[PDB]
Novice: 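The structure under discussion is supplied below as structure tokens; questions concerning it will follow.
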There are 4 protein chains.
Amino acid sequence: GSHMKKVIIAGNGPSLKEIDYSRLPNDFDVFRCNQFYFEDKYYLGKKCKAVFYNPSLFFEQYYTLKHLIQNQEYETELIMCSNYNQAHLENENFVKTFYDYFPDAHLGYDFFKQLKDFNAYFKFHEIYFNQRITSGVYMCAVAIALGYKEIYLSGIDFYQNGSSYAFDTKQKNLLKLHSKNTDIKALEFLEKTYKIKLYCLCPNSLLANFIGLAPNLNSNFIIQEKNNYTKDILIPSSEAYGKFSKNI
Amino acid sequence: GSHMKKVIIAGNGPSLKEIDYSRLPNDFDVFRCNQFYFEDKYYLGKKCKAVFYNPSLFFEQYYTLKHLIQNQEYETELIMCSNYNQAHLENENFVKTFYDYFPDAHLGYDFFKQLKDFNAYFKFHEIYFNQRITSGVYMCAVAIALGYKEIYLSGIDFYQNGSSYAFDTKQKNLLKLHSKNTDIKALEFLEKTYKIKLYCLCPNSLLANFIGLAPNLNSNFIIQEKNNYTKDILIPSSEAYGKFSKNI
Amino acid sequence: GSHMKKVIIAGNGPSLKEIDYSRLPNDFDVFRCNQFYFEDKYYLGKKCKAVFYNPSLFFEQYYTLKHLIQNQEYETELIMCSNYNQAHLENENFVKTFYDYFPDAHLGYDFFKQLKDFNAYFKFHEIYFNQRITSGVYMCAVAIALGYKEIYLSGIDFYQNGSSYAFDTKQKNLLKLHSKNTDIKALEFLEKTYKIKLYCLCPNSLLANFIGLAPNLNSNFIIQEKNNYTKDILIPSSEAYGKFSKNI
Amino acid sequence: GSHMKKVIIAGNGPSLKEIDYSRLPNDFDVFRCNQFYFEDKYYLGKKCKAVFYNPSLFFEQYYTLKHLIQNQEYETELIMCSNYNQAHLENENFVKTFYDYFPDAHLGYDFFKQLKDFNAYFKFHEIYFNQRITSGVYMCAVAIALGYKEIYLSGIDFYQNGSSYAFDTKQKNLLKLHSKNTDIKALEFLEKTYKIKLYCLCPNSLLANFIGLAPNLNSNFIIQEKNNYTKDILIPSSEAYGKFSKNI
Ligand SMILES: Nc1ccn([C@@H]2O[C@H](COP(=O)(O)O)[C@@H](O)[C@H]2O)c(=O)n1
Ligand SMILES: Nc1ccn([C@@H]2O[C@H](COP(=O)(O)O)[C@@H](O)[C@H]2O)c(=O)n1
Ligand SMILES: Nc1ccn([C@@H]2O[C@H](COP(=O)(O)O)[C@@H](O)[C@H]2O)c(=O)n1
Ligand SMILES: Nc1ccn([C@@H]2O[C@H](COP(=O)(O)O)[C@@H](O)[C@H]2O)c(=O)n1
């Protein structure tokens with residue numbers, strides 16, 4: 001973790017490409033999720049403090065991350081599975097044996113559950129109203145559970161249709177295998193309940209209509225272009241799948 | 001919890017409406033259970049320290065409590081499920097995943113089990129003689145496990161038939177989905193075993209024939225009337241039920 | 001428990017009636033097992049520090065003990081189930097939910113397992129050679145795990161046939177529902193491994209041929225006769241059995 | 001364990017018979033595995049700090065070890081099962097009840113899992129690439145988890161075919177019931193990650209081409225010949241198997 005430190009939570013919405021870099025803090029940790037590596041440029045750098053993946057694609061994402069790391073495209077300290085310990089959302093065996101199949105990773109819920117009131121908030125809305133927070137918000141909850149007090153948001157656009165993501169997701173392998181109000185109310189609850197501060201790094205995003213923009217500390221960050229980079233998720237061998245079958 | 005503090009345990013018997021308010025302590029926490037919100041007046045106020053619900057109706061009660069809270073009809077700090085960890089009394093999956101479905105609530109048994117001798121007392125009578133204590137007594141056991149030493153009882157009438165409850169329970173949704181000696185001996189065991197004091201707030205009740213009445217400290221409590229209040233339990237969506245199905 | 005204190009472990013062999021009372025320590029705790037209450041006299045008094053029962057009859061024994069206690073025939077501080085956590089010896093569900101059905105009792109194995117080497121000794125002989133220690137020895141292992149250093153043995157005769165027990169076991173309800181060397185080697189292992197001392201209180205028993213007799217401290221113990229005492233195990237209601245069915 | 005102390009990890013490759021005894025440290029603990037007792041001479045002495053056995057043959061190996069100990073052929077302090085907590089590699093029931101069937105033994109994984117990064121390294125290669133480390137490397141990981149900092153390797157030849165083992169394995173009972181690069185990279189990872197030192201005791205082995213030879217401290221070790229020794233694994237009774245059946 002990194003209590004006291006600043007963290008940038010990045011969703012993969014089109015606003016990820018519209019970061020106002022003059023509002024970027026001088027120092028920060030970076031939380032990325034799902035298909036972040038699909039980005040055509042290092043919008044937030046090669047170093048991540050943590051990467052999050054849904055349980056449904058964790059097996060393949062973990063495999064892909066190791067390739068990303070080995071190829072020196074990205075680095076990360078923590079690897080998180082964004083689970084909730086809910087029968088209708090995750091394979092039960094997957095969760096129970098998680099640390100034995102992915103020893104250097106964590107069950108996101110182990111941190112998420114430390115925020116008892118938000119866990120209740122999420123569970124009540126998901127279970128009774130079919131209202132679920134997105135990965136962007138999940139990461140904010142984990143960031144808070146880890147000790148962060150200043151969270152800078154980017155790439156959270158609430159699926160505006162105009163543009164689905166900050167990159168082309170029409171990838172062969174990936175293809176083979178929520179609302180604005182739900183997320184906003186959740187972030188509000190998080191800010192007011194645990195007394196942390198949320199900042200927005202993208203002035204053109206819808207998020208900017210609800211949370212204040214980060215100050216203009218102005219940093220000299222450099223955005224590096226990517227070349228011959230990995231832009232599709234990798235598929236493990238049939239043998240591998242056979243070994244992980246029990247965890248579906 | 002609230003060790004040292006005073007607590008009023010309220011059953012929903014007809015004596016709930018016959019509280020001798022001059023015997024009400026100047027300060028206290030309030031424990032309510034099941035259909036308490038059906039009351040036509042705030043006999044013990046809007047603020048509860050804890051509310052208890054049987055496992056069989058917890059799914060719907062939790063849903064209803066959130067509505068009660070959102071509508072500002074009641075407030076509570078703790079939400080308790082009055083379970084016993086008994087196969088013939090509760091769905092096993094319900095208990096095992098309880099904290100993951102209701103994060104801000106507690107399994108009453110986690111406190112009840114701290115009183116090893118009373119747990120034994122209850123288990124022996126329930127299992128071998130089919131003699132079960134009511135919710136009123138269960139709450140007394142939890143109150144003691146939480147540190148309370150002075151317990152004031154109300155709404156405990158041992159089902160006198162003359163009047164079943166302190167309100168009309170002939171509610172549409174509710175309809176859709178023990179003995180005097182058993183409770184009295186249990187309360188006696190509780191008082192003599194953990195050295196706490198039990199007081200009765202209703203002089204016209206049968207309970208008053210067994211436990212002493214609370215002193216006449218005389219307080220200036222105000223009983224507020226209710227209007228357009230929630231007086232029936234709410235039923236969650238079929239979608240919600242589908243998600244909670246495994247916990248029956 | 002009672003570390004430093006002296007304990008008398010009583011099997012139910014015929015030597016229970018041939019205790020040399022002049023060798024009885026001035027002060028002691030008493031461990032009894034199974035059908036001890038069948039005795040026609042209080043050979044070791046009415047007060048027991050602990051009573052042990054096999055898992056196969058625990059449901060009925062617990063029921064019977066409560067009757068013995070209520071009727072003031074015996075008193076006990078601890079109630080132990082002599083289990084081993086072995087699939088072929090005990091119902092698995094029985095062990096897993098034990099503390100929820102019998103809150104004031106203990107799983108003997110929770111103490112037995114603290115003696116890692118003896119647990120290994122027992123397991124190896126039971127599993128691979130079908131050589132099992134009797135309840136008398138099991139109790140010695142639990143006594144040691146509890147802190148006792150001086151153990152006095154009685155009623156351990158290794159089933160000499162001449163007389164099976166110190167009382168008539170031809171009881172209606174009971175009827176309805178190992179070797180010398182195995183026990184002796186186990187006691188030797190216990191004495192030499194945990195550095196405790198074993199004494200024999202019955203000079204006419206076979207046990208006296210292997211372990212030294214307790215010194216003649218000479219006490220003024222009084223053996224009280226029993227009258228209209230409980231001399232058969234009690235059978236719980238069909239309703240009770242229905243509730244405990246899952247634990248067979 | 002034995003932090004600070006030196007340990008000799010012995011595989012059973014043909015190099016076990018080609019130890020350069022002048023490079024043997026003056027004092028050390030010894031880790032042996034599987035069919036080590038098949039050796040025709042005490043190449044590393046009769047005293048072992050620990051012996052390791054795969055879960056598939058643990059039932060029979062444990063039985064055999066007890067015979068080896070009883071017959072005074074070997075002595076050991078620890079008995080380890082080299083497991084990984086992987087469904088496709090071990091019987092799940094075997095692992096869950098392990099400490100109840102073999103109280104004086106340990107699940108190797110309980111120590112192996114303390115090295116989170118190596119556990120991840122092993123799991124990733126095994127699961128996704130079908131690349132598994134041998135027992136020799138597993139023991140190195142356990143040695144490190146136990147506090148050892150200087151590890152001397154012997155009997156690790158990476159199955160050169162020329163000679164499969166340092167002894168004849170064509171044994172009746174045994175018969176009835178990986179790569180160089182995988183092991184070497186794993187040992188490298190271990191050395192560089194936990195900052196320990198690896199030494200090779202066999203100059204003629206392939207291992208000597210990758211890790212440095214131990215210094216010539218020169219000791220006066222004596223290699224004792226064996227006579228009428230146990231050279232085949234023992235088979236437990238059908239009764240025993242019947243009791244351990246659930247753990248396959
Ligand atoms: N148009 C978009 C697309 C992504 N996002 C967010 O970015 C995350 C993107 O990854 P996913 O769409 O794979 O979940 C979402 O969890 C959410 O927080 C957004 O807010 N608006
Ligand atoms: N007539 C009545 C009705 C309720 N009660 C008590 O009030 C509680 C009421 O809720 P229930 O009847 O829903 O359990 C009981 O658990 C018991 O303690 C009573 O003692 N006499
Ligand atoms: N003849 C007898 C009978 C009982 N005993 C012992 O007394 C205990 C008696 O209870 P059970 O026969 O019910 O097990 C045995 O576990 C054993 O220690 C004995 O050693 N010789
Ligand atoms: N030829 C051989 C044979 C054994 N070995 C090693 O010795 C161990 C031997 O026991 P197993 O072949 O039974 O596993 C292997 O786990 C491995 O570390 C080796 O490296 N080369």
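A, B, ... follow the sequence lines: proteins, then strands. Residue 1 opens every chain. Any value given below was found using the heavy atoms of this structure, including those in side chains, with hydrogens, waters and symmetry copies removed.
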Novice: Whether A/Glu73 and A/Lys231 form a salt bridge (side-chain N of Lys/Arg under 4.0 Å from carboxylate O of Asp/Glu) is what I want to check.
Specialist: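 So A/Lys231 does not pair with A/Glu73 through a salt bridge.
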Novice: Yes or no on side-chain hydrogen bond (donor to acceptor under 3.5 Å, both in side chains) for C/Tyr84 and C/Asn119, after CA distance, side-chain angles and deciding distance?
Specialist: CA-CA 9 Å; C/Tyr84 296 104; C/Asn119 189 8; over 6 Å; no
Novice: When you check the gap from the basic side-chain N to the acidic O, do A/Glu239 and A/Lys243 get nearer than 4.0 Å?
Specialist: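 No, no charged N to carboxylate O under 4.0 Å.
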Novice: Between D/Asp40 and D/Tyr43, is any side-chain donor less than 3.5 angstrom from a side-chain acceptor?
Specialist: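 Present: a donor and an acceptor within the cut-off.
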Novice: Between the side chain of A/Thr97 and the main-chain N/O of A/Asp100, is any donor-acceptor distance below 3.5 Å?
Specialist: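 No, because the side chain of A/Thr97 does not come within donor-acceptor range (under 3.5 Å) of the backbone of A/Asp100.
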Novice: Verify the distance criterion only: is there a donor paired with an acceptor across the side chains of A/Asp104 and A/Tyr62 at less than 3.5 Å?
Specialist: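 Note: A/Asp104 and A/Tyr62 side chains meet the donor-acceptor criterion.
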Novice: If the test is side-chain contact (heavy atoms from CB on, under 4.5 Å), which one of D/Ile223, D/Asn204, D/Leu201 qualifies with D/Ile19?
Specialist: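 Only one option passes, and that is D/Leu201.
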Novice: Can you confirm whether A/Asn228 is buried at CG, in the sense that more than 12 heavy atoms of other residues, nucleotides or ligands lie under 6.0 Å from that atom?
Specialist: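 Open: at most 12 neighbouring heavy atoms sit under 6.0 Å from CG of A/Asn228.
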Novice: If we ignore angles and hydrogens, is there a donor and acceptor under 3.5 Å between the side chains of A/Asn91 and A/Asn247?
Specialist: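 Their side chains do not contain a donor-acceptor pair, so the 3.5 Å distance test is not met.
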Novice: Is it true that D/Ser205 and D/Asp157 share a donor-acceptor pair across their side chains at a distance under 3.5 Å?
Specialist: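 Their side chains do not contain a donor-acceptor pair, so the 3.5 Å distance test is not met.
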Novice: What do the steps show when you test A/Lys49 against A/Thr76 for side-chain hydrogen bond (donor to acceptor under 3.5 Å, both in side chains), and what is the final call?
Specialist: CA-CA 5 Å; A/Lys49 170 62 167 184; A/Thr76 196; over 6 Å; no
Novice: Centres of the A/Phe59 and A/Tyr241 rings: under 6.0 Å?
Specialist: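 Yes, ring centres under 6.0 Å apart.
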Novice: May I ask you to check whether A/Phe244 and A/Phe58 place their ring centres under 6.0 Å from each other?
Specialist: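 Ring centres of A/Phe244 and A/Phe58 not closer than 6.0 Å.
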Novice: Tell me, with the steps shown, if A/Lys246 and D/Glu92 meet salt bridge (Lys or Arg N to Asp or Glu O under 4.0 Å).
Specialist: CA-CA 12 Å; A/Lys246 45 279 298 183; D/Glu92 284 181 46; over 6 Å; no
Novice: Determine, using ring centers only, whether D/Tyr138 and D/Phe122 are less than 6.0 Å apart.
Specialist: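 No, they do not, as the ring centres are separated by 6.0 Å or more.
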Novice: With distance as the sole test, does A/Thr64 use its side chain to make a donor-acceptor pair with the main-chain N or O of A/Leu234 at under 3.5 Å?
Specialist: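 Yes, because the side chain of A/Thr64 sits within donor-acceptor range (under 3.5 Å) of the backbone of A/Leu234.
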Novice: Taking only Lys NZ, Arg NE, NH1 and NH2, and the carboxylate oxygens of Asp or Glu, determine whether C/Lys113 and C/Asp110 approach each other closer than 4.0 Å.
Specialist: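 The answer is yes: the pair qualifies as a salt bridge.
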Novice: Is the distance from the ring center of D/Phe102 to that of D/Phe98 below 6.0 Å?
Specialist: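 When the ring centroids of D/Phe102 and D/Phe98 are compared, they turn out to be within the sub-6.0 Å range.
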Novice: Walk me through it: do D/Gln61 and D/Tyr37 pass the test side-chain hydrogen bond (donor to acceptor under 3.5 Å, both in side chains)?
Specialist: CA-CA 11 Å; D/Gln61 293 288 38; D/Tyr37 51 107; 2.8 Å; yes
Novice: Look at C/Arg132 together with C/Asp183 and state whether they make a salt bridge at an N to O cut-off of under 4.0 Å.
Specialist: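 So C/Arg132 does not pair with C/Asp183 through a salt bridge.
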Novice: Are more than 12 heavy atoms from other residues, nucleotides or ligands located less than 6.0 Å from atom CD1 of D/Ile222?
Specialist: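 Check fails, neighbour count at 12 or below.
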Novice: Kindly state whether the ring of D/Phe129 and the ring of D/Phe124 have centres lying under 6.0 angstrom apart.
Specialist: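 Centroid separation for D/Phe129 and D/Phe124: below 6.0 Å.
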Novice: Answer yes or no: is there a donor N or O on one side and an acceptor on the other, between the side chain of D/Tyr194 and the main chain of D/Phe118, under 3.5 Å?
Specialist: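 Checking the backbone N and O of D/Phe118 against the side chain of D/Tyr194, a donor-acceptor pair under 3.5 Å is found.
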Novice: What are the two closest heavy atoms between A/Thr230 and A/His67, and how far apart are they?
Specialist: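 Nearest pair, atom of A/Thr230 first, then A/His67: OG1-CE1, 3.0 Å.
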Novice: Might you work through the ring pair (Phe, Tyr, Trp, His ring centres under 6.0 Å) test for A/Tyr74 and A/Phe36, ending with a clear yes or no?
Specialist: CA-CA 10 Å; A/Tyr74 292 90; A/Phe36 72 87; 5.0 Å; yes
Novice: Provide the closest heavy-atom pair for A/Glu90 versus A/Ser82 in the form atom of the first, atom of the second, distance.
Specialist: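 The answer is OE2-O, 4.5 Å.
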Novice: Quick check: does any side chain N or O of D/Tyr99 sit under 3.5 Å from a backbone N or O of D/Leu107, one acting as donor and the other as acceptor?
Specialist: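 Such a contact is found between D/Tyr99 side chain and D/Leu107 backbone.
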Novice: Verify the distance criterion only: is there a donor paired with an acceptor across the side chains of D/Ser219 and D/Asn26 at less than 3.5 Å?
Specialist: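 Their side chains do not contain a donor-acceptor pair, so the 3.5 Å distance test is not met.
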Novice: Verify whether one side chain among D/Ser22 and D/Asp20 offers a donor that lies under 3.5 Å from an acceptor in the other.
Specialist: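 A pair is found: one side chain offers a donor N or O, the other an acceptor, under 3.5 Å apart.
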Novice: Distance-only, no hydrogens or angles: does the D/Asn12 side chain make a donor-acceptor pair with backbone N or O of D/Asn34 under 3.5 Å?
Specialist: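 No; zero donor-acceptor contacts below 3.5 Å.
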Novice: Measuring from atom NZ of D/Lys123 to atom OH of A/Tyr101, what distance do you get when rounded to the nearest 0.5 angstrom?
Specialist: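 Going from NZ on D/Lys123 over to OH on A/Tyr101, the span is 8.0 Å.
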Novice: Identify whether the distance between the nearest side-chain nitrogen and carboxylate oxygen of D/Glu150 and D/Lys5 falls below 4.0 Å.
Specialist: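 Looking at D/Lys5 together with D/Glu150, the answer is no, because their closest N to O distance does not fall below 4.0 Å.
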Novice: Just so I know, are the side chains of D/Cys48 and D/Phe31 near enough to count as touching, which here means a heavy-atom distance under 4.5 Å?
Specialist: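 A side-chain contact is absent here, since even the closest heavy-atom pair is not under 4.5 Å.
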Novice: Run the ring-centre check on D/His3 versus D/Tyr148 and record whether the distance is less than 6.0 Å.
Specialist: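 They do not qualify: ring centres at least 6.0 Å apart.
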Novice: Work out which heavy atom in D/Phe167 is nearest to a heavy atom in D/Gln35; give both atom names and the distance.
Specialist: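 Closest pair (atom of D/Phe167, atom of D/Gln35, distance): CZ-O, 3.2 Å.
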